[PDB]
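A.B. asks: 3D, please:
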Amino acid sequence: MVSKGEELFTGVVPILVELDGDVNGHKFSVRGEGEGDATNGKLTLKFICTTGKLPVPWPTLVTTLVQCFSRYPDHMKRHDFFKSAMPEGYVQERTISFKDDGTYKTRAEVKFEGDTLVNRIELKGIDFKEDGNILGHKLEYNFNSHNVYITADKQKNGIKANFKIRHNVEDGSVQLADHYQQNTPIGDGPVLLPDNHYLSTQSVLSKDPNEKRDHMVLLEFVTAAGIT
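C.D. replies: Residues are numbered from 1 along each chain as shown. Structure data below:
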C-alpha cells in the first residue's frame, strides 16, 4: 500500500532550507530550520537572514522558501508528484514577476539528505526599482494565498504551475507577483504525473521578540484538492 516516497513522510520530518540570493547586486543568504508533517499538511519553520538585513521583504520569499509536505487525501494519492520523486528529489524552477518592478528567477533542489528534507535555493533578481515596493520594503508582512493549480509537464517528467500572489503595499495599493513554476525529478526512476488538481495554503508569519536578527517565523498548512 504505502510507496517508498510516501513512507518517508508518515511522521514528522526535520527540514533545512538554505537560500543564496542576489537582487540588483544586493547579495544575501537565508537559513531556515523546522519540521513538516505531511499527514496534517503542517509546516513550522524559523528563518534568519545570515548576512544582516534582508534587502527584499520576507513575504516576497515565502513561496521560494517544500510542496512535498502537502496533505494529499487518500483518494488523490496517484497525483502526488512531489513525494513520488523522493528521496532523490526534484528541481523546482520559478520566475516571479513583480508588476511594475523586477523579476526573480529561482532554482531549488528539494531532496532528502539523510533523514532531513533539504531545500537548497539560488535566487537572482533583476530590473528592480531601488526605491520601489520590494527594495524599499513597502509591503505588509502576512500574505494571502488562493488555490494553486498543478498540471503535468510531460517534457520535464514533472509538473508545472502558474499562480498570482498579491501583497498589500503601505500606500494602499496592491503589488502583484506572477509566478510560473516547473519541477523536474532529480532521479531517473518513475514518478507520478498528476491529473489537474490544486494545492490550498494557509499561513501565518510572525516575529519572535527574543530574536535580534532579521527573521521570519512561519506556520503553514497545505492541502491538495480537486479530484474525488
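
A.B. asks: so what's residue 9 closest to, chain neighbours aside?
C.D. replies: Of all residues not flanking residue 9 in the chain, residue 38 sits nearest, at 3.9 Å (Cβ to Cβ, 6 or more residues apart in numbering). C-betas here are computed from N, CA, C, even on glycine.

A.B. asks: how near is that neighbour to residue 123?
C.D. replies: Distance, residue 38 to residue 123, using Cβ to Cβ, to the nearest Å: 25 Å.

A.B. asks: Pick out whichever of these two has more residues nearby.
C.D. replies: For residue 38 versus residue 123, neighbours defined as other Cβ atoms under 10 Å are more numerous around residue 38 (25 against 22).

A.B. asks: correct me, but that one touches residue 67?
C.D. replies: No: using Cβ atoms under 8 Å, residue 38 is not in contact with residue 67; the gap is 10.1 Å.

A.B. asks: these two touch, right, residue 164 and residue 177?
C.D. replies: Yes: between residue 164 and residue 177 a contact is recorded at 7.0 Å, counting by Cβ under 8 Å.

A.B. asks: Could you check which of the two is surrounded by more residues?
C.D. replies: Neighbours were tallied for residue 164 and for residue 177 using other Cβ under 10 Å; the higher tally belongs to residue 177 (22 against 12).

A.B. asks: downstream neighbour of the host helix or strand of the more buried one in the secondary structure list?
C.D. replies: Using DSSP states H and E, the element containing residue 177 is strand 174-185. Scanning forward in sequence from strand 174-185 by DSSP H and E, the next helix or strand is strand 197-206.

A.B. asks: which residues are contacting whatever helix or strand comes next after that next one?
C.D. replies: From strand 197-206 onward toward the C-terminus, using DSSP H and E, the following helix or strand is strand 215-225. Outside strand 215-225, the residues that touch it by Cβ atoms under 8 Å, 6 or more residues apart in numbering are 32, 34, 40-49, 58, 62, 65, 67, 69-73, 76, 79-80, 147, 197-208.

A.B. asks: got it, and stretch 24-33?
C.D. replies: Under the contact criterion Cβ under 8 Å, 6+ apart, stretch 24-33 has outside partners 14-22, 45-52, 54-56, 61, 65, 102, 125-126, 128, 130, 135, 218.

A.B. asks: among those, which ones are buried?
C.D. replies: 15, 17-19, 21, 45-49, 54-56, 61, 65, 102, 125, 128, 135, 218 (16 or more other Cβ atoms under 10 Å).

A.B. asks: Next step: those residues restricted to strands.
C.D. replies: 15, 17-19, 21, 45-49, 125, 218 (DSSP state E).

A.B. asks: what's the closest of those to residue 115?
C.D. replies: Using Cβ to Cβ, residue 15 comes nearest to residue 115 of these, at 11.0 Å.

A.B. asks: give the contact list for the closest one.
C.D. replies: Counted by Cβ under 8 Å, 6+ apart, residue 15 has contacts 32-36, 43, 45, 66, 69, 116-119.

A.B. asks: Of those residues - the most surrounded one?
C.D. replies: Neighbour counts for the contacts of residue 15, by other Cβ under 10 Å, peak at residue 117, which reaches 25 neighbours.
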